[PDB]
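Beneath this line is the structure, given in structure tokens, with notes to follow.
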Amino acid sequence: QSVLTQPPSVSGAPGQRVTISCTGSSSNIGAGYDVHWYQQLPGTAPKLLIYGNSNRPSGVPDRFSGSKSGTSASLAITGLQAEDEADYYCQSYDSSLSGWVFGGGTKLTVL
Amino acid sequence: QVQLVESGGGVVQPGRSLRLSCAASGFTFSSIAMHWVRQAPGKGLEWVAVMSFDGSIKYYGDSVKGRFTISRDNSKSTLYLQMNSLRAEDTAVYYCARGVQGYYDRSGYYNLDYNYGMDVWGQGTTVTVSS
Amino acid sequence: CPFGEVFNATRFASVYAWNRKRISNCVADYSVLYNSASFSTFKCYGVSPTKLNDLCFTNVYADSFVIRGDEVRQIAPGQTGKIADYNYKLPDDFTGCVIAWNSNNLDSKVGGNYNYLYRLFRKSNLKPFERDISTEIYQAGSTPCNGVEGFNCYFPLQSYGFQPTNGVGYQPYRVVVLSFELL
Ligand SMILES: *[C@@H]1O[C@H](CO)[C@@H](O[C@@H]2O[C@H](CO)[C@@H](O)[C@H](O)[C@H]2NC(C)=O)[C@H](O)[C@H]1NC(C)=O
């Protein structure tokens with residue numbers, strides 16, 4: 001369906017560290033473009049969370065960090081609490097289709 | 001102060017057309033690119049279209065290749081998207097998201113920027129295609 | 001002619017105290033700028049290269065600092081964060097030509113160099129084109145004391161860490177940003 005492949009649902013206990021993987025092909029992510037990350041609270045509009053594979057905009061706290069290791073990037077939440085039960089879409093840019101791609105969405109919940 | 005409000009959703013038979021609206025305020029609309037993204041109800045996000053700084057560079061996705069048409073206007077700060085020959089798989093909540101700005105490289109040709117995300121997203125209206 | 005020393009320089013200052021160097025009443029070429037593929041990013045936002053051979057050399061500025069590789073993406077207009085809110089805020093206007101290029105062998109040795117500093121805590125985030133060298137404690141918690149650095153009272157600067165065994169997004173990129181003005 002979607003161009004980027006990521007796990008559809010992963011979760012964990014509060015206070016621990018969860019890795020939301022986001023792997024893609026060598027045509028879009030591995031070609032030299034930068035991943036990004038969004039956070040869609042249930043029923044509302046998403047917001048930007050991480051752009052340029054490591055940054056964070058004005059307002060999002062220090063807990064949401066990420067990386068870009070070769071051809072497969074990953075978001076990392078440290079010290080997760082009950083107020084983050086939303087979805088987390090990773091996106092990139094593709095050179096073949098000449099259009100933006102998105103991810104399958106990860107259902108992260110608290111136990 | 002910065003927000004993108006939309007209107008224009010409805011119930012359309014498969015085959016006739018509809019115009020989508022996306023108002024803009026709180027920032028400078030006359031220099032930043034604009035992106036359209038859609039969300040199928042239940043499924044993930046998908047990309048639709050982008051319009052450049054002046055209005056000379058446009059791109060579309062995979063499912064809308066040719067049968068859509070995007071156009072904006074810097075005067076009243078309003079972004080439009082014209083559709084024709086609709087199908088039953090386009091029933092989705094349509095967002096308009098603010099893009100980044102744009103650059104001229106050494107060669108000197110404007111290039112839409114690719115490495116940036118879509119910073120602030122609109123509220124997003126839903127369209128409904130059914131029989 | 002004038003900026004043969006701002007690219008080949010062996011000493012670039014850190015980001016929180018850069019060096020705004022102006023050039024005035026002397027000819028410029030800008031052919032040294034383009035037609036060279038050694039640079040990583042050569043983004044220019046308002047004006048176009050191979051066209052700016054007009055009467056613009058009335059105090060052309062050239063800022064210069066050093067940041068990690070994937071924070072060149074915050075030296076765009078807008079694009080808030082933590083290296084553009086508190087260190088170098090570009091306006092939502094004509095930034096001239098943001099220029100960056102990889103440097104792993106010049107500003108980073110085998111011993112894990114951390115000589116470059118960047119701010120982490122500052123209330124009332126920066127205006128466009130403003131520098132903050134005031135090294136004072138943050139004092140975001142309790143009553144204002146004389147500075148004890150104990151708890152909820154942080155040092156305003158922090159080092160980077162520039163080992164040559166890091167990836168792409170943790171290596172120092174020597175960013176130089178042109179700027180232009182008229183009278
Ligand atoms: C000093 O940096 C400048 C670029 O800022 C370079 O000097 C010239 O670069 C152009 C290509 O950009 C070459 O065609 C010229 O031959 C260079 N000048 C000289 C005198 O060689 C270069 O990277 C650095 N200078 C030197 C001498 O290496």
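Along the chain as shown, residues are numbered 1 onward.
Header lists the method as electron microscopy, 3.9 Å.
Cβ coordinates come from backbone N, Cα and C, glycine included.
According to Swiss-Prot:
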DISULFID  C:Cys1-C:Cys26  disulfide bond
CARBOHYD  C:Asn8  N-linked glycosylation site
DISULFID  C:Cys44-C:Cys97  disulfide bond
REGION    C:102-173  region 'Receptor-binding motif'
REGION    C:113-121  region 'Immunodominant HLA epitope recognized by the CD8+'
REGION    C:120-155  region 'Disordered'
DISULFID  C:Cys145-C:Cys153  disulfide bond
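Recorded features from Swiss-Prot, shown on the structure.
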residue  : record                      : DSSP class
C:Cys1   : disulfide bond              : coil
C:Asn8   : N-linked glycosylation site : coil
C:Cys26  : disulfide bond              : coil
C:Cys44  : disulfide bond              : strand
C:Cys97  : disulfide bond              : strand
C:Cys145 : disulfide bond              : coil
C:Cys153 : disulfide bond              : coil
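Across the fold, the C-alpha of C:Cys97 (disulfide bond) and the C-alpha of C:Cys145 (disulfide bond) stand 43 Å from each other. For C:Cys44 (disulfide bond) paired with C:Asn8 (N-linked glycosylation site), the C-alpha to C-alpha distance reads 21 Å. Comparing C-alpha positions, C:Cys1 (disulfide bond) sits nearest to C:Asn8 among the recorded positions C:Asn8, C:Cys145, C:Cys153.
Less than 8 angstroms from the CB of C:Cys145 (disulfide bond) sit C:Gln139, C:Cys153, each of them six or more residues away in the same chain.
With all protein chains in the displayed structure included, the most crowded Cβ environment within 10 Å among the disulfide-bonded residues C:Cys44, C:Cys97 is that of C:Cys97.
Between the CA atoms of C:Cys26 (disulfide bond) and the residue listed as 'N-linked glycosylation site' there is a gap of 20 Å, rounded to the nearest whole number. Using a 10 Å Cβ-Cβ cutoff, C:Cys26 (disulfide bond) registers 10 neighbours.
Listed recorded positions: C:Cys1, C:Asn8, C:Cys26, C:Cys97, C:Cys153. Those with a CB atom under 6 Å from ligand 1: C:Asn8. Secondary structure of the region 'Immunodominant HLA epitope recognized by the CD8+' (C:113-121) per DSSP (helix as H, G, I; strand as E, B; remaining residues coil): 0 helix, 3 strand, 6 coil. With helix defined as DSSP H, G or I and strand as E or B, the region 'Receptor-binding motif' (C:102-173) counts 0 helix, 9 strand, 63 coil.
Its own atom aside, the Cβ of C:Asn8 (N-linked glycosylation site) has 7 Cβ atoms within 10 angstroms in the protein chains shown.
Of all the disulfide-bonded residues given, namely C:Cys1, C:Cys153, the one with the smallest number of surrounding CB atoms inside 10 A is C:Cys1. Proximity to chain B, defined as a C-beta distance under 8 Å, is registered for the following recorded positions out of C:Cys1, C:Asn8, C:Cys26, C:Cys44, C:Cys97, C:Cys145: C:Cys44.
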